[PDB]
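Have a look at the structure below before the remarks.
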4 protein chains.
Amino acid sequence: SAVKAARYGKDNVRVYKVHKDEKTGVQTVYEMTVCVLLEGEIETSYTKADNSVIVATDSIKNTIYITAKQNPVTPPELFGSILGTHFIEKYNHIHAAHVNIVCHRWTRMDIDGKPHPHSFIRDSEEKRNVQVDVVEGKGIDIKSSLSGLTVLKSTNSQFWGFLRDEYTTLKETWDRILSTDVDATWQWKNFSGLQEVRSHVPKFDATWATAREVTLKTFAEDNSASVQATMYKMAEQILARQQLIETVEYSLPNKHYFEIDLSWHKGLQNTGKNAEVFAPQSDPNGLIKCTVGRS
Amino acid sequence: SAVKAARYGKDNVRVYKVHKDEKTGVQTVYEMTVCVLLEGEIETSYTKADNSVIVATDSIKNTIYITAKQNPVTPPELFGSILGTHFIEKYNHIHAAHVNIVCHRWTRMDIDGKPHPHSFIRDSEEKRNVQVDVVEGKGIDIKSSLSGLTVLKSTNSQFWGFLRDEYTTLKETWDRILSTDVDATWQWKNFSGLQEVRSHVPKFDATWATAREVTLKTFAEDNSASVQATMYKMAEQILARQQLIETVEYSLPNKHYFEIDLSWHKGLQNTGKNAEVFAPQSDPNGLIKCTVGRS
Amino acid sequence: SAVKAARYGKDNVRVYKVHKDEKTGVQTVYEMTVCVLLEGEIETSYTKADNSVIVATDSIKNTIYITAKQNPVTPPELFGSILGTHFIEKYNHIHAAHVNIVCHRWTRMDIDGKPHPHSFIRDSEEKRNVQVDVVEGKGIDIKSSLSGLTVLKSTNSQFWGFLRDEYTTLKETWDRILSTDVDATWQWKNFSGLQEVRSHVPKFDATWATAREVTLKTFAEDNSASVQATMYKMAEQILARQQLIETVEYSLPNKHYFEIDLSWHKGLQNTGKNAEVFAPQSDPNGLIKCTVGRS
Amino acid sequence: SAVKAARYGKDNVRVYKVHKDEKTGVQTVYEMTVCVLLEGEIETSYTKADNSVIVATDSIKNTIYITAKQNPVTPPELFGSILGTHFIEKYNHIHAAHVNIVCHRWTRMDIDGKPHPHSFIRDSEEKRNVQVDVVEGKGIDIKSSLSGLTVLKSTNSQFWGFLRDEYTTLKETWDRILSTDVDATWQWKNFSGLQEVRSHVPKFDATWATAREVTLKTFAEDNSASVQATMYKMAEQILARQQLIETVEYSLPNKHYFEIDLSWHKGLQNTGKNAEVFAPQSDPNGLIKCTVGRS
Ligand SMILES: O=c1[nH]c(=O)c2nn[nH]c2[nH]1
Ligand SMILES: O=c1[nH]c(=O)c2nn[nH]c2[nH]1
Ligand SMILES: O=c1[nH]c(=O)c2nn[nH]c2[nH]1
Ligand SMILES: O=c1[nH]c(=O)c2nn[nH]c2[nH]1
Ligand code: NA
Ligand code: NA
Ligand code: NA
Ligand code: NA
Ligand SMILES: [Xe]
Ligand SMILES: [Xe]
Ligand SMILES: [Xe]
Ligand SMILES: [Xe]
């Protein structure tokens, strides 16, 4: 037998950083969960019990904190690239670093119509994420994403004209509820290294904001023919607005809300045009994915 | 042996309701999870296998949907009181109904600065809850609450002057992070029945809004001497603003963020006044509770 | 306003302890999650910012570890009583301690038919729990429980003869699936203090074992007329076997498995006597409770 | 823009099946969660709102139940292959089916030393899983796995001789706790189609049993030099025992248990050779992966 692939590191490293403006007194907080996995010439740790090749996962944890102390942690695409580059430059035998960052929301509170200098609220479990793969001699590959964005529209969704055969019971509909949890990923063109990532720093926050705005507006305004058709419209617009993105991937559950027939009870009308009370279904759920790229 | 207490019913009943304004085209959605447990002369179902006394839990589920179809579901204090009253009036041998409702957030989306007529976002897992106990001959007892409100302040929290003995290692501090998940419950004076609950309908939403506003403002503005002292200030203000509340209960975790000493690494300074990077602790956590009532 | 009730302490304290037999080489591990909340003359910490009355929650955490180092951690009823007693004896102004312990399973592995001296498996998320309330001048109240015991029987459950009215759609049945997660609590007679708890130490493990055995056997063998009737049989037997128990409480979800009518597809028969494939329902669920005591 | 990749289907489909032996009266239950995603000539559903190419996800759900009614559901490798093949054969324009199955444990109860005919317990959240990819013209690729197998050993784990530099604080150790949640996957050689999968049916259950047995024995008996070295030993043995496996992948968290220095309290000795009470750490955790194949 032989080692075909190996990676190891530290997962679930929670990090908080505060920035204090001494002039204004305003404080800004960042909180992340970080994972770093390394690859390289480490096979002998597995095959021969040779620990000399192992950068301890505990040391990887220390490095994450030290790097956060000495560098900006925002945008996460930059922080991830700094962190990954560190490992491939410091250790001759490490040739790839894989950095995953989940950013948690701490939104500044408004008190009496004014932004508070040092108080924050977690407004939703929506996350902003990055996956950064730093590979020696091959540059830096960055996938940016938003996830956990949960939305619902109560009308202006349709689903008719699908294949009907002996396995089909679903009725066609011209008016239904559509609800989903949005997972959207945009993949950047390969960057040659840290200098190039630094040169594009302003684009990271702007593209995240654009992706979020396009997702929300398209969901709200599209008279949806299907989840498939609506998600494609979203992806098309993001690619049109940022030339440095190569692909956009959406993964969307279809979280079903079922009509409840109450006619058995005193002829009560609660279906079709009379539907007011519905039963949200926890499972099963549709799952629709697509990756959109350039012509 | 004898049955000392018994209750049974249906838990985890998910309900969605839509209201459609035909004039404006504006739609408003409500989504809840409901639990209903009944008590009464039902001992024989346990002791003698006498099912004749059992209103099937499946029927309780049907009743929740029918009641939602025929009545407003907001404020939840009203809906819960209607639902509980139904069971004690319909069934001679049922003498108490216990209704728990969790309300999920569906906040109307703003698209291009305008409120959208039929599109909604889940902005946080904060819940608004009610517990309604309807007891035949003893009226209606309502506890209203908010939960899952997660906040953090990065300064203006202190903790010094506590008891020090041979079990104590904690250092006194004049500047720390304070973060918590707020669970706040206000208990209404007993209501004589549904007519009285109806008479106070406007107070329910207003008191929830007040409780939330007082919680946020006090947290943000108090130069906190302890979680204990800050929570008491919150409770005092709520009781002052709504005479129909008898008690306010807060239950607050103290979610710790620890300093990280980096001095071992090239003399790096990251403690006390130089603290920038912290380690959020998943566990253990302080847990502080208090119930405040009137003199 | 006035403080009506207050308690505070440390939650989610994870503790592991190993016992090493030097003679045999056999090692035995225990792992728990502990919560300790205190009450007493502490109102001034809330009302006047007087921290002098506060035993820091951090110190409570230290105390849990020190107490585990110096005492047996099994049975948990004993450990909880030692821990609670410590606080009321050490601190003049603390008058009640509330200790909750969750015990996690680490079951010794069998390798090649022999018990391994130092290797363990988590066989299920079933827990053994204790709640110990130590109140100065009023002794020690102990509630012991098992929870997270998940079982299913595929036949020998019935449910017919229930109330039928205009809210009822449920069909009577003489053969159904019954599945539940068992939560069972036995409450001990009040103990005068630690000496009395020590005197009954062998009864704690034996009663837990009896409660588990009675639950499993009764579930498996009863031709169940309802969840209500089966749970009562369980409780009756436990009370008969341990005179020092005052009450037994069961709380049982009814986790539904629905028939799937496939007749629309080529006349396929999958209901009643022909039912083979079912759809487990995540929600809603029946919830049935009862507390059984002595005549 | 263009669709680069697309797949869609139904996730989280819970299925239960019972087998009844009429001769012996013995019943056997199976419970799974199933996901099926399809690929093929479906781009126009995304780009042109052409639903005619869509097999509704609701119909996919129906198909899972019908297929379970008409076929064995065990071993899951066979059921998954039947299910996937169905879609590529039935629908001309569907060219790949991806089937994921999670099998839940229902272990027959022993009552008074005898196996019960129709009563079952969930002994742990350990799962047996399959991923089956059925691709038209390219056969059937099956990855089998076990996950959620949680183990701990209290001694006979070491970790010394790792790289030490200015980022390192971890002390070398010759005796530590090792605990992990095992995720192990074995990938079968490509099968030409359903006939070939059928021909190997007995190997599926036997290989799962072997993988589990090798994992447990190696964990228990290895005087572990590192997680890396121990996991490699496991993988090597599985590959030696089943020639139809091409690769074995392990993914193992290192769930840390930290010593607690109690020396500050009355010189209490609880480190190194005197360590008895430890603090389990919820996060962060080491994460170690490896894929082992043939020379
Ligand atoms: O077994 C281990 N492997 C590792 O790579 C490691 N790093 N820190 N501790 C460790 N333990
Ligand atoms: O065992 C049961 N008890 C009940 O109260 C009930 N209600 N519906 N089905 C039921 N099954
Ligand atoms: O606000 C606090 N209250 C307490 O009781 C406590 N104990 N440790 N830290 C603390 N912080
Ligand atoms: O938008 C939808 N897309 C689908 O593929 C589907 N299948 N059933 N319902 C559906 N809704
Ligand atoms: Na390198
Ligand atoms: Na009544
Ligand atoms: Na005392
Ligand atoms: Na095909
Ligand atoms: Xe969508
Ligand atoms: Xe607080
Ligand atoms: Xe039961
Ligand atoms: Xe391991």
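We label chains A, B, ... in the order they appear in the structure tokens, count residues from 1 in each chain, and number ligands from 1 in the order shown.
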
Which chains and residue numbers are within 8 Å of ligand 6, counting only C-alpha atoms and all ligand atoms, if I want them as a PDB file with N, CA, C and O atoms, in the first residue's frame?
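Saved result, result-v3.pdb, follows:
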ATOM      1  N   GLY B  40     -56.983  16.755  32.533  1.00  0.00           N
ATOM      2  CA  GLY B  40     -58.371  16.674  33.016  1.00  0.00           C
ATOM      3  C   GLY B  40     -58.637  15.290  33.560  1.00  0.00           C
ATOM      4  O   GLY B  40     -57.736  14.641  34.106  1.00  0.00           O
ATOM      5  N   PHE B  87     -60.420  24.154  24.026  1.00  0.00           N
ATOM      6  CA  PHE B  87     -60.400  22.792  24.559  1.00  0.00           C
ATOM      7  C   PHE B  87     -61.176  22.630  25.862  1.00  0.00           C
ATOM      8  O   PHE B  87     -61.789  21.595  26.072  1.00  0.00           O
ATOM      9  N   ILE B  88     -61.106  23.625  26.729  1.00  0.00           N
ATOM     10  CA  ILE B  88     -61.787  23.517  28.012  1.00  0.00           C
ATOM     11  C   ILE B  88     -63.294  23.728  27.841  1.00  0.00           C
ATOM     12  O   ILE B  88     -64.077  23.153  28.593  1.00  0.00           O
ATOM     13  N   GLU B  89     -63.699  24.480  26.826  1.00  0.00           N
ATOM     14  CA  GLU B  89     -65.140  24.661  26.567  1.00  0.00           C
ATOM     15  C   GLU B  89     -65.773  23.512  25.786  1.00  0.00           C
ATOM     16  O   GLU B  89     -66.938  23.166  26.012  1.00  0.00           O
ATOM     17  N   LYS B  90     -65.024  22.921  24.860  1.00  0.00           N
ATOM     18  CA  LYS B  90     -65.572  21.890  23.999  1.00  0.00           C
ATOM     19  C   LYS B  90     -65.729  20.558  24.724  1.00  0.00           C
ATOM     20  O   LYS B  90     -66.707  19.834  24.495  1.00  0.00           O
ATOM     21  N   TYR B  91     -64.776  20.233  25.602  1.00  0.00           N
ATOM     22  CA  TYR B  91     -64.730  18.915  26.214  1.00  0.00           C
ATOM     23  C   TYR B  91     -64.984  19.030  27.704  1.00  0.00           C
ATOM     24  O   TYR B  91     -64.190  19.613  28.438  1.00  0.00           O
ATOM     25  N   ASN B  92     -66.110  18.468  28.142  1.00  0.00           N
ATOM     26  CA  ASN B  92     -66.500  18.560  29.538  1.00  0.00           C
ATOM     27  C   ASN B  92     -65.412  18.088  30.508  1.00  0.00           C
ATOM     28  O   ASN B  92     -65.218  18.712  31.560  1.00  0.00           O
ATOM     29  N   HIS B  93     -64.688  17.023  30.145  1.00  0.00           N
ATOM     30  CA  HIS B  93     -63.753  16.370  31.075  1.00  0.00           C
ATOM     31  C   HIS B  93     -62.314  16.923  31.002  1.00  0.00           C
ATOM     32  O   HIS B  93     -61.446  16.527  31.780  1.00  0.00           O
ATOM     33  N   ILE B  94     -62.067  17.806  30.046  1.00  0.00           N
ATOM     34  CA  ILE B  94     -60.787  18.513  29.985  1.00  0.00           C
ATOM     35  C   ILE B  94     -60.879  19.809  30.765  1.00  0.00           C
ATOM     36  O   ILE B  94     -61.746  20.640  30.484  1.00  0.00           O
ATOM     37  N   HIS B  95     -59.975  19.994  31.727  1.00  0.00           N
ATOM     38  CA  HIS B  95     -60.048  21.137  32.626  1.00  0.00           C
ATOM     39  C   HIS B  95     -58.873  22.102  32.547  1.00  0.00           C
ATOM     40  O   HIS B  95     -58.910  23.154  33.163  1.00  0.00           O
ATOM     41  N   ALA B  96     -57.823  21.759  31.794  1.00  0.00           N
ATOM     42  CA  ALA B  96     -56.720  22.712  31.619  1.00  0.00           C
ATOM     43  C   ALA B  96     -56.091  22.480  30.260  1.00  0.00           C
ATOM     44  O   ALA B  96     -56.046  21.357  29.798  1.00  0.00           O
ATOM     45  N   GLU B 136     -59.758  25.808  33.815  1.00  0.00           N
ATOM     46  CA  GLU B 136     -61.188  25.985  34.029  1.00  0.00           C
ATOM     47  C   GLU B 136     -61.463  26.499  35.431  1.00  0.00           C
ATOM     48  O   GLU B 136     -60.990  25.929  36.415  1.00  0.00           O
TER      49      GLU B 136
END

Practice item. Show which residues sit within 8 Å of range 188-198 of chain B, as a ChimeraX atom specification. Count only C-alpha atoms, and ignore same-chain residues fewer than 5 positions away. Key: /B:78,81-82,85,138-144,244-247

**Study point:** Test item: chain D residues at most 7 Å from chain A, counting only C-alpha atoms, as a PyMOL selection string
**Key:** chain D and resi 1-13+45-47+49+51-59+62-63+161-163+167-170+225+228-229+232+236+283-295

Let me see the file: selected residues, N, CA and C atoms, as a compact mmCIF listing (two decimals), in the first residue's frame.
# COMPACT_ATOMS: atom_id res chain seq x y z
N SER D 1 -23.16 33.85 -20.81
CA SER D 1 -22.97 32.79 -19.80
C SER D 1 -23.53 31.43 -20.26
N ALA D 2 -23.02 30.36 -19.65
CA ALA D 2 -23.41 28.99 -19.98
C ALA D 2 -23.47 28.14 -18.71
N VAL D 3 -24.37 27.16 -18.72
CA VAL D 3 -24.41 26.16 -17.65
C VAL D 3 -23.23 25.20 -17.80
N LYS D 4 -22.34 25.20 -16.81
CA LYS D 4 -21.17 24.32 -16.80
C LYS D 4 -21.44 22.97 -16.12
N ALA D 5 -22.32 22.97 -15.12
CA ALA D 5 -22.68 21.76 -14.39
C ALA D 5 -24.04 22.00 -13.76
N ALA D 6 -24.83 20.94 -13.67
CA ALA D 6 -26.14 21.07 -13.02
C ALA D 6 -26.55 19.70 -12.50
N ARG D 7 -27.15 19.69 -11.31
CA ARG D 7 -27.77 18.49 -10.80
C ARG D 7 -28.89 18.91 -9.89
N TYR D 8 -29.92 18.07 -9.79
CA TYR D 8 -31.07 18.48 -8.97
C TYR D 8 -31.76 17.18 -8.55
N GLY D 9 -32.53 17.24 -7.47
CA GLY D 9 -33.26 16.06 -7.03
C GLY D 9 -33.89 16.26 -5.67
N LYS D 10 -33.99 15.19 -4.90
CA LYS D 10 -34.70 15.23 -3.61
C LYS D 10 -33.74 14.77 -2.52
N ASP D 11 -33.66 15.54 -1.45
CA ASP D 11 -32.78 15.23 -0.33
C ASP D 11 -33.64 14.90 0.89
N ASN D 12 -33.03 14.22 1.86
CA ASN D 12 -33.68 14.01 3.15
C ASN D 12 -34.99 13.22 3.07
N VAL D 13 -35.00 12.20 2.22
CA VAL D 13 -36.17 11.32 2.09
C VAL D 13 -36.03 10.19 3.13
N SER D 45 -34.00 23.87 -18.66
CA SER D 45 -34.84 24.25 -17.52
C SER D 45 -34.29 25.48 -16.82
N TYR D 46 -32.96 25.63 -16.82
CA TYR D 46 -32.31 26.77 -16.22
C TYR D 46 -32.31 28.00 -17.14
N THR D 47 -32.03 27.78 -18.42
CA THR D 47 -31.79 28.91 -19.33
C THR D 47 -33.03 29.44 -20.05
N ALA D 49 -36.46 28.41 -19.10
CA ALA D 49 -37.68 28.06 -18.36
C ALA D 49 -38.45 26.90 -19.01
N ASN D 51 -39.61 23.50 -18.54
CA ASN D 51 -39.80 22.46 -17.53
C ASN D 51 -40.02 21.06 -18.09
N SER D 52 -40.12 20.92 -19.42
CA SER D 52 -40.46 19.62 -20.00
C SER D 52 -39.39 18.57 -19.77
N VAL D 53 -38.17 19.04 -19.47
CA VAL D 53 -37.02 18.18 -19.23
C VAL D 53 -36.90 17.77 -17.75
N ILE D 54 -37.76 18.33 -16.91
CA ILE D 54 -37.66 18.08 -15.47
C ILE D 54 -38.53 16.91 -15.00
N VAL D 55 -37.88 15.87 -14.49
CA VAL D 55 -38.55 14.86 -13.70
C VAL D 55 -38.73 15.53 -12.34
N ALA D 56 -39.98 15.80 -11.93
CA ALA D 56 -40.20 16.57 -10.69
C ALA D 56 -39.53 15.87 -9.50
N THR D 57 -39.02 16.68 -8.57
CA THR D 57 -38.34 16.12 -7.40
C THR D 57 -39.37 15.33 -6.60
N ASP D 58 -40.63 15.79 -6.61
CA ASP D 58 -41.72 15.04 -5.99
C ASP D 58 -41.85 13.62 -6.57
N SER D 59 -41.69 13.49 -7.90
CA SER D 59 -41.70 12.18 -8.55
C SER D 59 -40.51 11.33 -8.18
N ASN D 62 -41.48 9.80 -4.91
CA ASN D 62 -42.36 8.66 -5.17
C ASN D 62 -41.58 7.42 -5.61
N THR D 63 -40.62 7.63 -6.50
CA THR D 63 -39.81 6.55 -7.04
C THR D 63 -39.00 5.84 -5.97
N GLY D 161 8.62 14.06 19.21
CA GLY D 161 9.47 14.12 18.02
C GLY D 161 8.96 14.95 16.86
N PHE D 162 7.94 15.79 17.09
CA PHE D 162 7.46 16.70 16.06
C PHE D 162 8.34 17.95 15.90
N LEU D 163 8.16 18.67 14.80
CA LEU D 163 8.92 19.90 14.51
C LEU D 163 8.71 20.95 15.61
N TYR D 167 6.97 28.95 16.68
CA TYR D 167 5.49 28.88 16.78
C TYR D 167 5.00 27.78 17.70
N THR D 168 5.93 27.02 18.28
CA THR D 168 5.59 25.80 19.03
C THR D 168 5.57 26.01 20.54
N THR D 169 4.45 25.66 21.17
CA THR D 169 4.35 25.60 22.63
C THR D 169 4.03 24.21 23.15
N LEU D 170 3.58 23.31 22.27
CA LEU D 170 3.13 21.97 22.68
C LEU D 170 4.29 21.15 23.28
N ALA D 225 1.78 6.16 17.86
CA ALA D 225 2.83 7.13 17.76
C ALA D 225 2.26 8.48 17.34
N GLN D 228 -1.85 9.90 12.72
CA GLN D 228 -1.36 9.58 11.36
C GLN D 228 -0.91 8.12 11.28
N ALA D 229 -0.05 7.69 12.22
CA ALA D 229 0.53 6.36 12.12
C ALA D 229 -0.51 5.26 12.37
N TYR D 232 -3.02 4.83 9.36
CA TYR D 232 -2.41 4.17 8.21
C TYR D 232 -2.45 2.66 8.40
N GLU D 236 -4.20 0.00 5.78
CA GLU D 236 -3.38 -1.07 5.20
C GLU D 236 -4.06 -2.43 5.36
N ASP D 283 -13.62 22.58 21.27
CA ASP D 283 -12.94 23.15 20.10
C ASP D 283 -11.71 23.90 20.58
N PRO D 284 -10.73 24.10 19.70
CA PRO D 284 -10.57 23.55 18.35
C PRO D 284 -10.24 22.07 18.41
N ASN D 285 -10.09 21.44 17.25
CA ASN D 285 -9.70 20.05 17.21
C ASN D 285 -8.76 19.82 16.06
N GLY D 286 -7.81 18.91 16.25
CA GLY D 286 -6.99 18.43 15.13
C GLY D 286 -7.89 17.73 14.13
N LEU D 287 -7.49 17.75 12.86
CA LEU D 287 -8.23 17.02 11.82
C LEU D 287 -7.19 16.39 10.92
N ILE D 288 -7.21 15.06 10.84
CA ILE D 288 -6.16 14.33 10.14
C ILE D 288 -6.80 13.45 9.08
N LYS D 289 -6.32 13.55 7.84
CA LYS D 289 -6.94 12.77 6.75
C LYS D 289 -5.90 11.98 6.00
N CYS D 290 -6.30 10.85 5.44
CA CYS D 290 -5.38 10.19 4.51
C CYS D 290 -6.14 9.27 3.59
N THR D 291 -5.65 9.15 2.37
CA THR D 291 -6.21 8.21 1.42
C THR D 291 -5.11 7.23 1.07
N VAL D 292 -5.38 5.94 1.25
CA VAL D 292 -4.38 4.88 1.02
C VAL D 292 -4.86 4.03 -0.14
N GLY D 293 -3.97 3.77 -1.08
CA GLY D 293 -4.30 2.93 -2.24
C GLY D 293 -3.25 1.85 -2.41
N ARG D 294 -3.31 1.16 -3.54
CA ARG D 294 -2.40 0.05 -3.83
C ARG D 294 -1.13 0.52 -4.56
N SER D 295 0.01 -0.06 -4.18
CA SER D 295 1.34 0.20 -4.80
C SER D 295 1.31 0.58 -6.29

Point to revise | Surrounding residues of residue 148 in chain A excluding itself and chain neighbours under 4 positions, 12 Å, only C-alpha atoms, as a PyMOL selection string | key: (chain A and resi 102-105+123-129+180-184+212+251-253) or (chain B and resi 121-125)

Point to revise | Point-to-point distance in Å for CA of residue 18 in chain B and CA of residue 273 in chain A | key: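 Between CA of residue 273 in chain A and CA of residue 18 in chain B the gap works out to 12.0 Å.
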
Practice item. In Å, rounded to a single decimal, give me how far CA of residue 271 in chain D is from atom 6 (C, counted along the ligand's line) of ligand 1. Key: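 Taking atom 6 (C, counted along the ligand's line) of ligand 1 as the start and CA of residue 271 in chain D as the end point, the length is 20.0 Å.
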
Practice item. Determine, counting only C-alpha atoms, which protein, DNA and RNA residues have an atom within 12 Å of an atom of residue 213 in chain C; residues of the same chain fewer than 3 positions away are not included. Present the result as a ChimeraX atom specification. Key: /C:146,149,206-210,216-220,234-235,237-238,241 /D:109-112

**Study point:** Per-residue DSSP, range 15-134 of chain D, filtered to helix (DSSP H, G or I), as a ChimeraX atom specification
**Key:** /D:43-47,51-53,57-70,76-90

Going by DSSP on the backbone, which bits of range 218-293 of chain D are strand (DSSP E or B)? Write them as a compact mmCIF listing (two decimals) with C-alpha atoms, in the first residue's frame, please.
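selection-v3.txt written:
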# COMPACT_ATOMS: atom_id res chain seq x y z
CA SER D 224 -0.01 4.93 18.95
CA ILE D 245 -11.41 -2.19 -2.80
CA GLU D 246 -9.22 0.34 -4.59
CA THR D 247 -8.72 2.97 -1.87
CA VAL D 248 -9.48 3.55 1.81
CA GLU D 249 -9.88 7.09 3.17
CA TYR D 250 -9.94 7.99 6.86
CA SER D 251 -10.88 11.37 8.29
CA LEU D 252 -10.26 11.62 12.05
CA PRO D 253 -10.66 14.53 14.45
CA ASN D 254 -8.28 14.62 17.39
CA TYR D 257 -8.58 16.30 26.63
CA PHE D 258 -6.41 18.80 28.53
CA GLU D 259 -4.63 18.30 31.85
CA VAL D 277 -9.18 14.86 36.22
CA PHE D 278 -9.11 16.34 32.70
CA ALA D 279 -11.05 19.00 30.79
CA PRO D 280 -12.51 17.77 27.48
CA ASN D 285 -9.70 20.05 17.21
CA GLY D 286 -6.99 18.43 15.13
CA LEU D 287 -8.23 17.02 11.82
CA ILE D 288 -6.16 14.33 10.14
CA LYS D 289 -6.94 12.77 6.75
CA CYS D 290 -5.38 10.19 4.51
CA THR D 291 -6.21 8.21 1.42
CA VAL D 292 -4.38 4.88 1.02
CA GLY D 293 -4.30 2.93 -2.24

Exercise for review: Can you work out which one of A:147, A:70, A:27, A:155 has the shortest atom-to-atom distance to residue 270 in chain B, counting only C-alpha atoms?
Suggested key: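 Looking at the shortest contact to residue 270 in chain B, the residue is A:70.
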
Check your understanding: Near residue 26 in chain D, within 7 Å and counting only C-alpha atoms, which residues show up once chain neighbours fewer than 2 positions away are dropped, as a PyMOL selection string?
Key -> chain D and resi 20-21+24+28+117-118

Review point. Hey, can you check how far CA of residue 179 in chain C sits from CA of residue 154 in chain C?
Key: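 A separation of 8.5 Å between them.
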